[PDB]
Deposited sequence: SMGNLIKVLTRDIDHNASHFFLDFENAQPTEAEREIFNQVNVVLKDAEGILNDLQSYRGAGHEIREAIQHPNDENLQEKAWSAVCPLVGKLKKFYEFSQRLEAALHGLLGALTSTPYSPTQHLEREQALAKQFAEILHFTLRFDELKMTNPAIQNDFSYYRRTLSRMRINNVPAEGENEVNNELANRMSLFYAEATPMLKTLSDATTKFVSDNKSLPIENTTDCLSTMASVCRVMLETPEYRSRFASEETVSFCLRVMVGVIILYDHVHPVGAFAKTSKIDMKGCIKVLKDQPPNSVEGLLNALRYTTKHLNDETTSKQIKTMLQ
């Protein structure tokens, strides 16, 4: 069923491009998937809009530097303020969309990690919900890759917090200090959406104490092995791996790996891990370097157990 699971996750994504929501007629969920598929699909419909706003994030570095250069010129102070406020509005909408990702993740984890079935049978039984989980990770990695290449995001928000505080001394859709602190910890992360999704998966394990942990962890490791085997085998590469399919699976694999490393007690690098770390890193290495550097940075920074003394030197040196 390893070939079937590949045909399930990599199904109808070639003719698909940049769309994170699943077509209802194409995915064809079962009766037991309808109430969750509908909820998750609404969040996935907005994921494309969130990602497009991040691509259009030009930043206010030019106006900020000019205002700081001439701090007595009120026209330049208001020109920078008029430019950075709609951008902080976008940053506000991105962080609030991260909270919606946590809700849609618990609906998927709640169904894909039931007590009786195995991970392999869950991805085959609840095929539509398994596709949505991969699409949530797809957007998560694609969002965090843009954030890493856009240094104006943290500079715009830091200048906002400095100017706000001291403007409401000297001088509705405004941001409060309580929300700003959570946004600052959000954008200080190398992978903001993935860190959030990582905590949400840890929350799911704690909310379901009566649920065994491998029902969640082996679901992530199965998805990692489905993507790894598809990408590393040429027999399966000439059958399924295309431009959009490889880029999709590369990001689904890195997503579940980091989730696994935070939820699985010993991590994804220990001897008892079920993720082929060397094989997953190698697949990233055989890819063109520029298109995967964001994913490699995720495996080097968002990881919990990478720098452990129990962790191997081969992968440690593999990620150098």
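*Asks:* Spell out the unmodelled ranges of the deposited sequence for me, N- to C-terminal, numbering from the first residue.
*Replies:* No C-alpha for residues 172-176, nothing else.
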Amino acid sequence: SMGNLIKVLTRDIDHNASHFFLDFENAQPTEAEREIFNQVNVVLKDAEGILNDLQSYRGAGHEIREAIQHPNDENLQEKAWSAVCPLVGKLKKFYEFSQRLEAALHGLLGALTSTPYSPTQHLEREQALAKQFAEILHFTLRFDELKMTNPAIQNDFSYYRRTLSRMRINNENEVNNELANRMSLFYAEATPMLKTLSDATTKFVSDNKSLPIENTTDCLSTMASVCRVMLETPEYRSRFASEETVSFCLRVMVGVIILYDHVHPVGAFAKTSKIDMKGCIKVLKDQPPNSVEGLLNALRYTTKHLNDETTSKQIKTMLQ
From here on, numbers count along this sequence of modelled residues.
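*Asks:* Which of the two stretches, 285-293 or 64-72, shows the higher mean Cα temperature factor in the record?
*Replies:* Going by the record's values, the stretch with the higher mean is 285-293.
*Asks:* Give the stretch, out of 294-302 and 307-315, with the larger mean C-alpha temperature factor in the deposited entry.
*Replies:* 307-315 has the higher mean C-alpha B-factor.
*Asks:* Taking the values straight from the PDB record, which of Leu197, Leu129, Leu185, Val175 has the highest C-alpha temperature factor?
*Replies:* Comparing C-alpha B-factors across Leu197, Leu129, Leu185, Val175, the maximum falls on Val175.
*Asks:* Sorting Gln99, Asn171, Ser82, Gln154 by Cα temperature factor from the record, which one lands on top?
*Replies:* Most elevated C-alpha B-factor of the set, per the entry: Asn171.
*Asks:* Compared with the other modelled residues in the chain, in which third is the CA B-factor of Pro29?
*Replies:* Answer is highest: the recorded C-alpha B-factor places it there.
*Asks:* For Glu78, does the deposited CA B-factor place it in the lowest, middle or highest third of the chain?
*Replies:* Its C-alpha B-factor belongs to the middle third of this chain's values.
*Asks:* What third of its chain's C-alpha B-factors does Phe143 belong to: lowest, middle or highest?
*Replies:* For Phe143, the deposited C-alpha B-factor lands in the lowest third.
*Asks:* Looking at the entry's B-factor column for C-alpha atoms only, identify whether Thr201 ranks in the lowest, middle or highest third of its chain.
*Replies:* As the PDB entry reports it, the C-alpha B-factor of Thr201 lands in the lowest third of its chain.
*Asks:* Please rank the C-alpha B-factors of the chain's modelled residues and tell me whether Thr233 sits in the lowest, middle or highest third.
*Replies:* For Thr233, the deposited C-alpha B-factor lands in the highest third.
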